[PDB]
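*Asks:* so I pulled this structure from the PDB, and the sequence comes with it:
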Amino acid sequence: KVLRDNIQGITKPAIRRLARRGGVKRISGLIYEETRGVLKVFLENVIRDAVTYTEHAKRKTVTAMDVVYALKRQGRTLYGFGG
Amino acid sequence: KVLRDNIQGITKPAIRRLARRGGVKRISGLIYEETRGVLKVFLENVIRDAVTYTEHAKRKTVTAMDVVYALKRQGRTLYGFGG
Amino acid sequence: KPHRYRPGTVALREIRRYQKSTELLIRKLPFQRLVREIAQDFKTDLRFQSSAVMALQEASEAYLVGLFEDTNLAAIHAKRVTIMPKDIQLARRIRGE
Amino acid sequence: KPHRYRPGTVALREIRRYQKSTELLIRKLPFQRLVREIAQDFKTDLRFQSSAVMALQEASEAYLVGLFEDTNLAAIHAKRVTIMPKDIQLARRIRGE
Amino acid sequence: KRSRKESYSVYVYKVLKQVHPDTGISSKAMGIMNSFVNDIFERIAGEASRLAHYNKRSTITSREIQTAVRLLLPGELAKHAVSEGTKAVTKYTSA
Amino acid sequence: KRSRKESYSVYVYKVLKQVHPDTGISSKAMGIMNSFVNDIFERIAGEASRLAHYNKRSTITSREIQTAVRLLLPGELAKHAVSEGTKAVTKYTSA
Amino acid sequence: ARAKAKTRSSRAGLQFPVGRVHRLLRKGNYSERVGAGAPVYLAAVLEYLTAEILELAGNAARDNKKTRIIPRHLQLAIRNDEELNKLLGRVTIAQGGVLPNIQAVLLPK
Amino acid sequence: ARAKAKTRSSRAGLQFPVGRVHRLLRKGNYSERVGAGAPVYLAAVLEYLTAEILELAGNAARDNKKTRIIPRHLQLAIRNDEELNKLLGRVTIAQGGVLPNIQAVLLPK
DNA sequence: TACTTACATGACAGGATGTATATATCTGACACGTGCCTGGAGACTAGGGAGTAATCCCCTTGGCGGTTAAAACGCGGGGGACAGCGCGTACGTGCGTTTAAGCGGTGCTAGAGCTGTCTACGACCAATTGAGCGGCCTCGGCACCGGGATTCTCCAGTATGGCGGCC
DNA sequence: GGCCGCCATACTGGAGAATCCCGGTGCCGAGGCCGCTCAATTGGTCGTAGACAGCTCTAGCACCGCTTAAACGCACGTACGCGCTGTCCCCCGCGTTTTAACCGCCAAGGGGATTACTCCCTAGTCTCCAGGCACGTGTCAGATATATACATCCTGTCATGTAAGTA
């Protein structure tokens, strides 16, 4: 029922490709785990707010629009999912 | 009554004092004019907002509440001036 | 002799291609499972719209690429071509986090 | 011989002396003259509440202090103590200026 | 059917045919401009509410909106927005 | 002739002497407190307005405020505030 | 005996719905009364920004020889206008990609 | 002939005004209608928040052997609490200075 | 000692191959036609909010006389920044293998979302009160000041380690 | 090799100025008390918002199956980060001088805010109509495919920096 490790699912070559999109030419092996940690922290910060929206909405299925609300709260407003 | 060179009125030792409050030990010679320019830009933005407030308020005297709101809109909210 | 590129060249080609390309670089389904397992860390048995999963995704990679641009800025400010995590920690402190 | 401290000793004494301090580090009258000077360019004959002048003073001082905090974080990141304006530009541009 | 949800499809399309009669548009980009117009509308609306609070004004007028534009919009964007809105409000004032 | 300006002086004075009977105060410290109470008040009020808009609620209740507390107020302070607020609405309904 | 119901957008000679914006501000909790020229001015500003952005988007589409507006075109247009850039610095475009940005120190000799 | 005047702030047993916070929320144009538990919950939150502010200010003053709160005490009170820091990362304090903060590289040897 | 010259590693000069560059296609999202109802709109109208006049007074602005505080200038000096080269290094790149992601294909009901009720639920007005703010003054905690103690900091005699030379 | 003697380098005590720190004195602003006033509440009332029930139907979830991108892991080529030494220079510290900032004092009036009057405006409501949304449905731009050029970056050769012979 429960899952224990899917932060591994954000794979190392995916991080590598993003750093290519982010413009990194050389990536230490120490980079991947701490990038996983900081994205982990950020996603927790987002999803905690999103869940707070969700039981504020009395719902059990998470919608994208509350994700938009949480991102706009945290100053990382995303275009393409509102409404 | 016109003023021309009061950016030099923010003195070099005042810059040193501020960096001591910032905890800066050693300060290069190129620092001071760059600090003058960036503080000039910051002040220009803030009082541009404040002057916009004041002309929108149909006033002539710059008030500290306008300073407070201008700093709020730049995300630099200040406590201690009647806010 | 089989062909082999000098270091950075494929890195730079990847840089150019994903700066040109716009697609997601992470597999969507492990990301979805990660979303659900951290959801049950706050509330168990939550359900997620797929649009919410990809919206959280493009938000995640955009946040990440912003941090890595700051990381490259610090690293060239650290006079370097290889980034180390202290660049990211520095940038995270600079953003006020 | 007259007493002479080694370079940095008086600097560190200034560090402790101005962190324990709370007073404004700018002379009041030329700062007021400068804000009148710059604001005259945007609108003529502008008058300033003196409290607004000290408000601009303290806000600008703390904004600069936060800037040099970001700067010397970059400097210890850059293994230096003699900060240079590229450090400030790095702090601004990573901050988004 | 379903409930009608308001969107900005047709007005953006009219403006697009004003500026580019020849081109098409993707629906993903269309939702992005819907988010854009809603987001900037929210920014200007909140700013106008702030200034109406500061001036203790119970009514937000085009003076307040112009002030908010001069705040948020940068430079030539602000002044040509002033020009466009001024021309529009003169035409609407002259019906 | 003068006009009254409202400020939160006496309440912060009350709770200070409640928790520290022997402790004095400076007035500009009270200015920083007034700035604090208005700042956090407008943060919570704007977030509550946002939550009322998102869930199509025309009324902002304690659930909205508590939601805004979990959003803006981080962690331990949020749980304490939830605790004394639940106590506070409870004794209020009993009063 | 009422005359023709004319539209306020065409009264302003404009495309954006004046009635929608005025109704939203009446329902948006910003002021209980809204000045008459306020939504007209707002819609004029919105149409001006939207028109210049769509013009840039069409020009960018023509630049990469495409005839349809793409979010990649939106990224490459808005992020390359510096006043639109710092107008929209913290705003994310879905599937917009990134600006082509290589640092000069990263490029070889 | 009339009920005795006993305020809702006394009903909460809390010093922060139920009435004033309620009228500022109603006047602040967030919604035209406000639930009853909203201002009492808000006032409880505010008075509690100010309570730990006053605790930290009191211990800061007791540390610096003054009985009166100075904004330097407020600086030391705010910046030494991680949740208060997360609350007030972008907030500027008048005449507060900074934390006593030196990097280890600045010290001799 | 400089001039020339060799050589070998840094500089000068041309190809495989991944992406760029030429159409062919078939599709389904672009794009356009259609019912509609809801969304905008208009006339009156009741009422409310902002602009305007006066004004005054108090709070800002300019002027002036000294006073060092603050700036300013200059000079000894230690530290700082940092590059050439070196050197252990740390990771990009090749590329085959595994597997679970990806695609695509089914069944179903959880709850998302939409619809009728109904009563909680809370804004609002006249009145009344009580707390809470303007005003003031005043006195004791705190600012300013003088004098040791502490404290820190720079130096210089020194002990000790280390190293060499003679027996 | 031992022994003795000599240099090297930090060990360490000592001393004096800067700042805590202790005691003395005024002063200023906390605070506490007095007078006003407005705001906050209460009772009721009246309109209405959303909570609740409940259906329904639909996409998330679960299950199933074929494919190959993923991925990852080991080898290896190769470039990275930073430090030693040095090196060059750049503000830091430590003064002196000077000047205008500061502080205290004086005169002006600007304008900001306050009250009253006024009148400009804006939404409510009711109804009416039309335009964009929902739906539906053709349809060609491009997604995909196949074939070809050129970068392009790598690879194979120029060149001169520097080492060496010798006039």
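*Replies:* On my side now, so go ahead. Residues are numbered from 1 along each chain as shown, chains lettered A, B, ... in the order given.
*Asks:* C-alpha from now on. contacts and neighbour counts both.
*Replies:* Noted.
*Asks:* and the residue in chain C positioned nearest to chain A, how many neighbours?
*Replies:* Closest to chain A within chain C is residue C:52: 3.8 Å, counting by Cα to the nearest Cα. The burial count assigned to residue C:52 is 19, neighbours taken as other Cα atoms under 10 Å in any protein chain shown.
*Asks:* residue C:24 versus the nearest residue to it once chain neighbours are set aside, what's the distance?
*Replies:* Beyond its immediate neighbours in the sequence, the residue positioned closest to residue C:52 (Cα to Cα, 6 or more residues apart in numbering or on different chains) is residue A:64, lying 3.8 Å away. In this view, residue A:64 and residue C:24 are 17 Å apart by Cα to Cα, to the nearest Å.
*Asks:* ok, and the closest non-adjacent residue to residue A:3?
*Replies:* Ranked by Cα to Cα, 6+ apart and with sequence neighbours excluded, the top spatial neighbour of residue A:3 is residue C:37, at 5.6 Å.
*Asks:* now the residue in chain E positioned nearest to chain F: closest residue in space that isn't a chain neighbour?
*Replies:* For chain E and chain F, the shortest gap (Cα to the nearest Cα) falls at residue E:46, measuring 9.8 Å. Nearest residue to residue E:46 in three dimensions, chain neighbours excluded: residue G:30, at 6.7 Å (Cα to Cα, 6+ apart).
*Asks:* so the one you found makes contact with residue E:45?
*Replies:* Yes - the pair residue G:30 / residue E:45 is scored as a contact, 6.7 Å apart, by Cα atoms under 8 Å.
*Asks:* give me the more crowded residue out of these two.
*Replies:* The residue with more neighbours, out of residue G:30 and residue E:45, is residue G:30; 25 against 22, by other Cα under 10 Å.
*Asks:* taking chain G, what residue is nearest to chain C?
*Replies:* Among all residues of chain G, residue G:97 sits closest to chain C, at 4.0 Å; criterion: Cα to the nearest Cα.
*Asks:* tell me how far the nearest residue to that residue once chain neighbours are set aside lies from residue A:81.
*Replies:* Taking Cα to Cα, 6+ apart as the measure, residue G:97 lies nearest to residue C:22, with 4.0 Å between them; neighbours along the chain are not counted. In this structure, residue C:22 lies at 17 Å from residue A:81, with Cα to Cα as the measure.
*Asks:* so the two - more neighbours on which side?
*Replies:* In this comparison of residue C:22 against residue A:81, neighbours counted by other Cα under 10 Å, the higher total goes to residue A:81 at 21 against 16.
*Asks:* what about the residue in chain A positioned nearest to chain G, how many neighbours?
*Replies:* Shortest chain A-to-chain G distance, computed as Cα to the nearest Cα: residue-wise this is residue A:78, at 4.2 Å. Other residues within reach of residue A:78, judged by other Cα under 10 Å, total 25.
*Asks:* close to DNA strand I: what parts of chain A are there?
*Replies:* Contacts of chain A with DNA strand I, taken as Cα under 7 Å from any atom of the strand, map to A:25, A:26, A:27, A:28, A:29, A:30, A:31, A:58, A:59, A:60, A:61, A:62.
*Asks:* same question, chain C
*Replies:* Counting by Cα under 7 Å from any atom of the strand, the positions of chain C adjacent to DNA strand I are C:2-12, C:26-30, C:45-47.
*Asks:* list the residues that contact residue E:45.
*Replies:* Listed by Cα atoms under 8 Å, 6 or more residues apart in numbering or on different chains, the contact partners of residue E:45 are G:25, G:30.
*Asks:* against residue B:22, how distant is the residue nearest to residue C:94 when sequence neighbours are not counted?
*Replies:* Distance criterion Cα to Cα, 6+ apart; nearest residue to residue C:94, sequence neighbours excluded, is residue D:70 at 6.0 Å. Taking Cα to Cα as the measure, residue D:70 falls 9 Å from residue B:22.
*Asks:* more crowded one of those two?
*Replies:* Each of residue D:70 and residue B:22 has its neighbours counted (other Cα under 10 Å); residue B:22 has more, 28 against 25.
*Asks:* so which strand or helix has the nearest residue to that one once chain neighbours are set aside?
*Replies:* Counting by Cα to Cα, 6+ apart, the nearest residue to residue B:22 once its immediate chain neighbours are dropped is residue D:65, at 4.6 Å. Remark: residue D:65 resides in helix D:50-77, with elements defined by DSSP states H and E.
*Asks:* ok, that helix near DNA strand J or not?
*Replies:* No - using Cα under 7 Å from any atom of the strand as the criterion, no contacts between helix D:50-77 and DNA strand J are found, and the smallest distance is 8.9 Å.
*Asks:* quick one: list the elements packing against that helix.
*Replies:* Based on contacts counted as 3 or more Cα pairs under 8 Å, 6 or more residues apart in numbering or on different chains; DSSP states H and E, the elements that helix D:50-77 packs against are helix B:12-21, helix B:31-56, helix B:64-73, helix C:85-94, helix D:28-42, strand D:82-83, helix D:85-95.
*Asks:* the more surrounded of residue A:64 and residue C:24?
*Replies:* Under the neighbour definition other Cα under 10 Å, residue A:64 and residue C:24 were set side by side, and residue A:64 has more, 22 against 17.
*Asks:* quick check: residue A:80 touching residue E:35?
*Replies:* Yes - using Cα under 8 Å, residue A:80 is in contact with residue E:35, at 6.4 Å.
*Asks:* in contact with the residue nearest the centre of chain G, which residues?
*Replies:* Compute the mean C-alpha point of chain G, and by Cα atoms, centre = their mean the closest residue is residue G:50, 3.0 Å away. With Cα under 8 Å, 6+ apart as the criterion, the residues that contact residue G:50 are E:12, E:15, E:37.
*Asks:* tell me the SS of the last one?
*Replies:* Which is residue E:37. Residue E:37 carries the three-state label helix when classified by DSSP: H, G, I helix; E, B strand; the rest coil.
*Asks:* tell me, how many neighbours does it end up with?
*Replies:* As a burial measure, residue E:37 scores 20 neighbours (other Cα under 10 Å).
*Asks:* spatially nearest residue to it, not counting backbone neighbours?
*Replies:* Closest to residue E:37 by Cα to Cα, 6+ apart is residue G:46, at 6.9 Å.
*Asks:* picking up where we left off before, now, which of the residues of chain C next to DNA strand I lie within helices?
*Replies:* Among the residues of chain C next to DNA strand I, the members falling in helices are C:9, C:10, C:11, C:12, C:28, C:29, C:30 (criterion: DSSP state H).
*Asks:* sorry, back to before: please name the residues that touch the residue nearest to residue A:3.
*Replies:* Residues touching residue C:37, when contacts are defined by Cα under 8 Å, 6+ apart, comprise A:2, A:3, A:4, A:6.
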